[PDB]
Amino acid sequence: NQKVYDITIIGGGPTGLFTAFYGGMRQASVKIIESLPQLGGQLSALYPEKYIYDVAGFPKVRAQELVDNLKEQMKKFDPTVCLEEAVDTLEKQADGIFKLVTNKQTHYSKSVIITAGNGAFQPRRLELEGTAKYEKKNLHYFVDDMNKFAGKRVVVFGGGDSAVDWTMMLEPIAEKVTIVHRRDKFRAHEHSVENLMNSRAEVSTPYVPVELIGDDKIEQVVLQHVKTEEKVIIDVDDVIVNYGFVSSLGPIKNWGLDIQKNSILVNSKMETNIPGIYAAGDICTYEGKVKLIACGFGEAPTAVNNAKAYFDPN
Amino acid sequence: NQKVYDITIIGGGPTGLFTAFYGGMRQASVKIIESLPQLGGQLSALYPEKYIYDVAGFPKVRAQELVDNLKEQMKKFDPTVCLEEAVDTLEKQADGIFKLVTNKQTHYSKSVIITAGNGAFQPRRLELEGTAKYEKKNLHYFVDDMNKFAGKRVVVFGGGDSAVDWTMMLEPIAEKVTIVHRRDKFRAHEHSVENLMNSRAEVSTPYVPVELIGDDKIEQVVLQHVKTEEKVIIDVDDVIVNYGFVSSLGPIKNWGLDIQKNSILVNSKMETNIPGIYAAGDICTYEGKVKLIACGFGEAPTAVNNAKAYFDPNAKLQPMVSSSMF
Ligand SMILES: Cc1cc2nc3c(=O)[nH]c(=O)nc-3n(C[C@H](O)[C@H](O)[C@H](O)COP(=O)(O)OP(=O)(O)OC[C@H]3O[C@@H](n4cnc5c(N)ncnc54)[C@H](O)[C@@H]3O)c2cc1C
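Residue numbers (the entry's author numbering), protein chains in the order written: chain A, 6 to 319; chain B, 6 to 331.
The structure is reproduced here in structure tokens:
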């Protein structure tokens, strides 16, 4: 958007959602940039169902059940949420405005608050050749709509819970749905795996894919047995990968921020070495910093107010 | 008894309750000392029924329900709860152990975390030493039951956070709820004033009352602007004063702690100037500190871990992930 905002939040993590809540709380046009197509950061991506106990007020809380509590607390102000954008450049222009260039567009902000935790959460890719031409066409890593694969032969890679449920959702939808894993025992919930055999889903296991046959759309996938090392091809139309999520800093170190051991040096005002750029959550660090969500929750409003004193004279 | 505890927490308020939980999170014998006869601190005593919205994770949670969610969260470690004790002396003896003397007995701790308010029980009123009879009847300072002001016309005097929210929570119950302040800007969070204007709650600008029409109960309040001197009478059933300019620290001032603005000055490690003494919540202060519950909850584990690293060297600062302790 060409409209410069007031606070642009790098990271849709738990610190980023609650900080987005506090932005409107001080009359701030709030913009969130997230590398994922989903909010939640580490919780929604790495452990959404697990119970967390050291969050203030929650003797027992699910990770994602708290995320919805943060999104609902946040939708009270409706910030401009720009998903599927990984911030690449963060540069201060001649007038103090920050120029943020992502993979989509360039966003502008009077101040930028970086709640990025450990890095950007782009999914785990493959380990083949330049599949970018498959990725732009029929090679997917996220499931937006499941019905787009109805009547098409679809292959699924992975063994986790995330992979098995996606396959079980394609049994009455996908023409031919096959799930591939490297071991005979799916690293998933046991009673959901039992339903996978009690369905029309072909279960190829233990297999690992090798060759992605397709001129530009993947139409055949060459497998290979873990023990006998025989190659088995199955004709496909779309390919779905669910191995898990990965994070990494990348361009974060090259933004002129004092970074030592993948953490931004911030003061008690949550101010980095760049005026107008603030950080909170686990991505920040200082004397006695404890990498917690409870601490990241207390670093968020401190970061909004000290930025409010940066871009708005009271 | 003569147990040299590990962490003795001054204050059974909301910040101290979460701090007591996180003490057990690092395997610390926890002692809580509270001047009130009840835990909850400011919440259980001054507004136990009101709804809180700026708590991380709770878009809308009741105050006492938040206290009970903390007490339920805390009883996982069963800290030593000493009620009705106001710490008078806090001295570090020759071996580093702190000696705490309350009105009752002498307690011991390896380290001390100060989460208490002031030890007292007083918001802040105006300057009339008469009218003493309205307070026993309809001039209130505290929200006990929300229904006692329901169906009654309630007028509120003040501009702080307490004045704007009480007016906003009396809007769907009280016939006429009015907020009166001595200044042109309600010094509150911006969206609580935004919700204050967008309702039937009558919003009185800077006014100062004159005539409390009543032999013992105020039934009409004749107003007066601080500068323009306009007379506005408002029919009321209850009269509410919500200034709340904090209050003096008291026995905290005599402990050798660097104090700025009735608040203990702490570093980013939540350390006071005394090694082994920590402070968090609204009682602590530093650069850009915001007197919030969101901040005070985030300052609490900062102090527990830095204290676990104070009295126990071979313990990692970064703790064990919470899921791996259940
Ligand atoms: C398995 C596990 C268990 C845990 N258990 C606990 C526990 O019990 N208690 C506890 O207190 N803490 C726990 N934690 C820690 C907790 O998850 C973190 O402290 C918390 O997530 C910090 O919030 P954050 O937003 O800074 O991190 P994150 O959730 O990592 O936020 C990072 C977000 O920013 C985005 N992002 C990053 N870089 C970019 C970029 N360049 N462009 C665009 N978007 C970007 C990412 O996509 C992501 O959404 C646990 C962590 C893990 C991994």
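All residues carry an ideal CB built from backbone N, CA and C; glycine is no exception.
About 6 Å separates the beta carbons of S116 (chain B) and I12 (chain B), which is inside the 8 Å limit, making them a contact pair. Here the distance from the Cβ of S114 (chain A) to the nearest heavy atom of ligand 1 is not below 7 Å. Within 9 Å of the CB of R31 (chain A), the CB atoms of chain B belong to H194, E195 and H196, in sequence order along the chain. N203 (chain B) has its alpha-carbon roughly 24 Å from the corresponding atom of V226 (chain B).
Following the DSSP letters along the chain, one finds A314 (chain A) in no beta strand (DSSP E) but inside the alpha helix (DSSP H) bounded by residues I298 to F316. A straight line joining the alpha-carbon of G122 (chain B) with that of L48 (chain B) spans about 12 Å.
With fewer than 16 other beta carbons inside 10 angstroms of its own, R192 (chain B) counts as exposed.
The region 276 to 294 of chain A makes no contact with the region 28 to 38 of chain B: fewer than 3 CB pairs, one atom from each, lie closer than 8 Å. At least one heavy atom of ligand 1 sits closer than 7 Å to the Cβ of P256 (chain A).
Taken through DSSP and simplified to helix, strand or coil, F103 (chain A) comes out as strand. Taking 7 Å as the Cβ-Cβ cut-off, the region 274 to 286 of chain B approaches chain A at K274 and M275, given in chain order. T111 (chain A) is bridged by DSSP to A:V106. The beta carbon of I269 (chain A) does not come within 8 Å of any beta carbon belonging to chain B, so the residue lies off that interface.
Under the three-pair Cβ rule at 8 Å, the region 62 to 73 of chain A counts as touching the region 60 to 80 of chain B. For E54 (chain A), the closest Cβ of chain B is not nearer than 8 Å. The beta carbon of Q69 (chain B) sits no closer than 8 Å to any beta carbon of chain A. In this structure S197 (chain B) touches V169 (chain B) by the C-beta definition: roughly 5 Å separates them, less than 8 Å. Between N6 (chain A) and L88 (chain A), the alpha-carbon positions lie close to 13 Å from each other.
Within the same chain, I38, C87, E90, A91, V92 and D93 come within 8 Å of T107 (chain B) by CB-CB distance, once the 5 residues on both sides are set aside.
Excluding residues up to 5 positions away in sequence, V72 lie with their Cβ nearer than 6 Å to the Cβ of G45 (chain A) in the same chain. Counting along the chain, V182 (chain B) sits inside the beta strand (DSSP E) bounded by residues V182 to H186.
As summarised for the region 14 to 76 of chain B, the continuous beta strand (DSSP E) elements at least 3 residues long and confined to that stretch are 35 to 38, given in chain order. In this structure, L270 (chain A) has its beta carbon at no less than 7 Å from each heavy atom of ligand 1. Between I57 (chain B) and the set B:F331, B:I298, B:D150 and B:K313, the nearest pair of CA atoms involves B:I298. Looking at B:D242, B:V213, B:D221 and B:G29, the one whose alpha-carbon comes closest to that of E235 (chain B) is B:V213. For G28 (chain A), the shortest separation between its Cβ and any heavy atom of ligand 1 does not lie below 7 Å. When secondary structure is reduced to three states using DSSP, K81 (chain B) falls in the coil class, being assigned neither helix nor strand. At the C-beta level, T183 (chain A) and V160 (chain A) come within 8 Å of one another. Taking CB atoms only, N123 (chain A) has no neighbour in chain B less than 8 Å away. DSSP places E199 (chain B) within a helical segment (H, G or I) once states are collapsed to three. Distance between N319 (chain B) and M275 (chain A), taken at the CA atoms: about 29 Å. In the same chain as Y248 (chain A), and ignoring 5 residues on each side of it, the C-beta atoms closer than 6 Å to its own belong to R129 and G163, in chain order. Per DSSP, reduced to three states, the secondary structure at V159 (chain B) is strand.
In this structure, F331 (chain B) has its CB at a distance of at least 7 Å from all heavy atoms of ligand 1. Contact annotation for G21 (chain B) against chain A: no contact, minimum CB-CB distance about 12 Å [criterion: below 7 Å].
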